[PDB]
């Protein structure tokens, strides 16, 4: 299937759940972005080496490169959320970020490692399994490009 095919999973209900949870998670991009990355590295230690540009990714907010990365990642998510109703626009921004990951040899399966950290960050604001599942559908749009 194509990336457009994958975006068919973003039904009205999935988009509502994405938007509702993002209103909260995206309101603290620094805090929740660094939490997302820290959780990735806590649970998926095999990924740490890919991030060597950032320095020591265990230093949390006392690592300016990690903070800058993490905030910017949250604006990638903001971008996706704002494009949900126009699959043409969603696909072209997904393809852009997919290239950022392809050129670093991140496979679709490796990209999907982010679902565990997303589930945990969601649950930190009491967004449960329905919301984690909705976010996995959005992650899968990127996986379709990888």
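Residue numbers count along the first chain shown, from 1.
Higher mean CA temperature factor between 102 to 110 and 32 to 40: 102 to 110, per the PDB entry.
Relative to its counterpart among 83 to 91 and 66 to 74, 83 to 91 has the higher mean temperature factor, C-alpha atoms as listed in the PDB entry. Among the modelled residues of the chain, residue 115 sits in the lowest third by CA temperature factor in this PDB entry.
Among the modelled residues of the chain, residue 21 sits in the lowest third by CA temperature factor in this PDB entry. Among all modelled residues in its chain, residue 130 ranks in the middle third by Cα B-factor. Among all modelled residues in its chain, residue 123 ranks in the highest third by Cα B-factor. For residue 45, the recorded CA B-factor ranks within the lowest third of the chain. Only modelled residues enter the ranking.
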